[PDB]
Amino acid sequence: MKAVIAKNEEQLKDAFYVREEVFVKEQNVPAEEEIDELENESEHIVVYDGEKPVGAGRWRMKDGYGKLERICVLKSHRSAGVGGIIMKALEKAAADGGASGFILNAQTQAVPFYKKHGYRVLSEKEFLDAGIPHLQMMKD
């Protein structure tokens, strides 16, 4: 497993292939409702196992905090430890970017995992991110 900041054509293509896998193929989100108007303002990370992309996520600076979003790990690799690798890579990149604290949009079912990594629920109100139920968490 190797995490990389996706900047070129093939790396970014792999990042969005992984996001399509989780939001569209696994969930039922319509074709491209998974992509928003903030992609060019965000930094993307992809995790590879050999040449196969097995994880992806993004972050951007927001009010001094590093905002982590759309952390995607397909079913086939849920017990492979890709989750901790993406999170750590994102936090690292955000920190280097001059971020102060982290705010995360987590899929409701993934909340337990994030608590294991120092995250606390910021609000009990659930919201749809890409048509999917999420909760917002924070880490100082």
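When you see a residue number, it is the position in the sequence shown, counting from 1.
The PDB entry records a higher mean C-alpha B factor for 79 to 87 than for its counterpart among 41 to 49 and 79 to 87. Stretch comparison (104 to 112 versus 25 to 33) by mean CA B-factor in the PDB entry places 25 to 33 on top.
In the deposited coordinates, the residue among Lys125, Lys13, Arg120, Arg19 with the greatest CA B-factor is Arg120. Note on the listed residues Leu74, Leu68, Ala99, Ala56: the highest Cα temperature factor in the record is that of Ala99. Ranked by C-alpha B-factor against the other modelled residues of its chain, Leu135 falls in the lowest third. Annotation for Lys62: CA B-factor lies in the middle third of the chain's modelled residues.
The PDB entry assigns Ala3 a C-alpha temperature factor belonging to the middle third of its chain's modelled residues.
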